[PDB]
4 protein chains.
Amino acid sequence: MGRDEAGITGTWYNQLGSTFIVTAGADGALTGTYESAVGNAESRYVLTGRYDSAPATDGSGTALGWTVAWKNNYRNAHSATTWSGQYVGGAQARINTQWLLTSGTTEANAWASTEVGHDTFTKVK
Amino acid sequence: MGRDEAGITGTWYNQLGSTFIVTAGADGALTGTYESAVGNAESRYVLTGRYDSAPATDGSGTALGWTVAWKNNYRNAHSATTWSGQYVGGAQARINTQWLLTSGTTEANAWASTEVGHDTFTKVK
Amino acid sequence: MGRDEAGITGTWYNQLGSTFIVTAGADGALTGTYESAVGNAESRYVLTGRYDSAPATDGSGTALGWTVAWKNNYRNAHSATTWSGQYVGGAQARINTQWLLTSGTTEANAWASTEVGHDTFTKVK
Amino acid sequence: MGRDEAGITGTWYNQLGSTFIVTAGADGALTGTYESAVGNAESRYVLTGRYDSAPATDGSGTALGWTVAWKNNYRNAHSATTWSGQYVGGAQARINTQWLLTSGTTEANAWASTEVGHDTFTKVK
Ligand SMILES: O=C(CCCC[C@@H]1SC[C@@H]2NC(=O)N[C@@H]21)NCCCCCN(Cc1ccccn1)Cc1ccccn1
Ligand SMILES: O=C(CCCC[C@@H]1SC[C@@H]2NC(=O)N[C@@H]21)NCCCCCN(Cc1ccccn1)Cc1ccccn1
Ligand SMILES: O=C(CCCC[C@@H]1SC[C@@H]2NC(=O)N[C@@H]21)NCCCCCN(Cc1ccccn1)Cc1ccccn1
Ligand SMILES: O=C(CCCC[C@@H]1SC[C@@H]2NC(=O)N[C@@H]21)NCCCCCN(Cc1ccccn1)Cc1ccccn1
Ligand SMILES: [Fe+3]
Ligand SMILES: [Fe+3]
Ligand SMILES: [Fe+3]
Ligand SMILES: [Fe+3]
Ligand SMILES: [Fe+3]
């Protein structure tokens, strides 16, 4: 199995109250759904990503990332967010991320297409 | 089909000489391989991502993102990059992105875990 | 007198244990020193920046930013960090930032020149 | 004098048509004005920043950064941009930057407070 396949798989919550449900595959795949508590979003959206399935054994975290395009059967916000971060295991497991949210824009507005932020996910709350 | 399924699917090159080979699915999926011309990387890596399969019809671009974890059969750089951006169609089609590259780190180096940059992909190298 | 001139001026600490000493001028200037608890840094470095001296009155925060170039009489890390963020007043006043740390690099390494992160500053600890 | 004091001082233009007028001081100071061709901006705004006044001699660029708060006598966009980057000298001198644009927001919208982008400045056009 991947080293943190079991630790990453499951339900995660971030500081905004969003819910990140993910399955880690033994080869590096991430698949799941994301539900945002904020923004132009309702219900669940497909996500897909990748993770390092053989991380360093020196106490380092486990690099990973995933993408949501904000289109589902309810809404289309013409945008996509990618989260890039690392998983840290243990009693208070965390996924610490930074993210890039790009909107489809006209060429005149493309300088302002992308927001950046940071989300921390925990297995509780 | 996704509105830009045909325009996104194929081989792309960025300004560093990296090669991004992608298939866009009608529902929003992106799958393919990435080969970086720079960094701790050799040969192809799996990528997965998502795109807006029903973008605005007002001349706006098409939001999308994808992830590579930098582990393959040759190397493991204990890191993952996510690209977030928009596809702009037409005779000089482009995918304009910004990206976040996170390494697995110890908690002491985690403040320095993530680089940020920008890549532009075209259909011609 | 800037609206938050009095609230911003003083000593601030972030989650890494770094110390940010700043004076806010009535026109929008920020001047002070920064001492980082981490990285290739020792003792204090000059900082300068700007803040919105007439913020919105609707409960919004106060936008601001500043720069440190990591050269002083002790060390030169050939890099500079800019923090961009907002000040939020009140009993638990905070400056919430994201930052970009760029190193001087060769053109071959320039794709990897810049790290991104987030710091939260408070008046205590 | 700073090593690139003479090369940095002067008028610069980015890809959007904005105009950056700056004086570099021998100790590391940057002072000047910024005029944006885009966004909620009119005429010139104060800027201040810092640069590495003793960069590496191995052909590396020169790290620097600066801030604009988007308030002047004409408009107040309740926001600030910081540019972080490096100066590269020579016949086609360039300042290559990434930037963070933070607006003052309510706490409910703070997740969306910050845009990120990249500007390249040249001495011509
Ligand atoms: O909303 C969506 C889809 C849902 C995304 C959820 C994000 S994903 C990272 C995170 N993690 C989570 O769990 N949830 C959030 N797309 C469109 C975004 C357009 C950006 C528009 N505005 C923000 C804004 C919000 C409210 C009122 C006004 N303006 C950008 C902006 C930036 C700076 C200054 C001003 N405005
Ligand atoms: O290399 C990889 C896997 C490949 C990624 C390729 C990227 S993906 C975005 C892009 N698009 C492309 O096509 N290719 C590139 N991971 C490890 C990254 C560790 C970062 C270490 N150093 C950079 C460095 C380079 C050379 C010598 C020394 N240090 C970070 C850093 C930040 C600032 C200052 C100094 N160092
Ligand atoms: O250190 C300085 C001056 C001090 C800055 C302090 C920052 S300012 C934002 C913050 N807030 C604070 O208060 N303090 C910190 N410049 C040089 C930066 C070189 C980056 C090299 N490496 C990081 C690293 C650390 C340890 C061992 C190896 N490599 C980049 C990198 C990126 C990703 C993956 C790997 N490496
Ligand atoms: O404008 C200013 C002051 C001037 C700044 C100039 C920047 S400084 C980096 C650069 N370099 C330059 O030279 N010029 C630009 N502040 C307020 C920003 C509010 C953001 C609102 N919007 C963008 C937007 C524009 C038009 C219509 C709609 N939305 C954010 C957004 C983001 C993502 C998706 C959707 N909306
Ligand atoms: Fe907007
Ligand atoms: Fe490093
Ligand atoms: Fe490095
Ligand atoms: Fe907005
Ligand atoms: Fe908006």
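Order of listing sets the numbers, starting from 1, for every ligand and every atom in it. Only this structure's heavy atoms are used, side chains among them; waters, hydrogens and symmetry mates stay out. Lettering of chains follows the sequences in order, A, B, ..., and the numbering in each one begins at 1.
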Legend entry - Crowding at CD, B:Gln15 (>12 non-hydrogen neighbours, <6.0 Å): yes
Distances for all N or O pairs of ligand 4 and the protein under 3.5 Å?
from, atom 1, to, atom 2, distance (Å)
ligand 4, 1 (O), D:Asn40, N, 2.8
ligand 4, 11 (N), D:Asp119, OD2, 2.8
ligand 4, 13 (O), D:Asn14, ND2, 3.0
ligand 4, 13 (O), D:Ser18, OG, 2.7
ligand 4, 13 (O), D:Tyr34, OH, 2.7
ligand 4, 14 (N), D:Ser36, OG, 2.9
ligand 4, 16 (N), D:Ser79, OG, 2.9

Inset, instruction - Would you indicate whether the side-chain heavy atoms of A:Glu35 and A:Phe20 approach each other to under 4.5 Å? - result: no
Inset, instruction - Applying side chain to side chain contact (heavy atoms under 4.5 Å, CB included), name anything that partners B:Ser53, two or more places apart in sequence or on another chain. - result: A:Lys71, B:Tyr51
Legend entry - Residues forming a side chain to side chain donor-acceptor pair (under 3.5 Å) with B:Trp66, sequence neighbours excluded: none
Inset, instruction - Could you tell me if the ring centre of A:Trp83 sits under 6.0 Å from that of A:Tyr34? - result: yes
Inset, instruction - Just jot down the salt bridge (charged side-chain N to carboxylate O under 4.0 Å, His left out) partners of A:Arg50, sequence neighbours excluded, or say none. - result: none
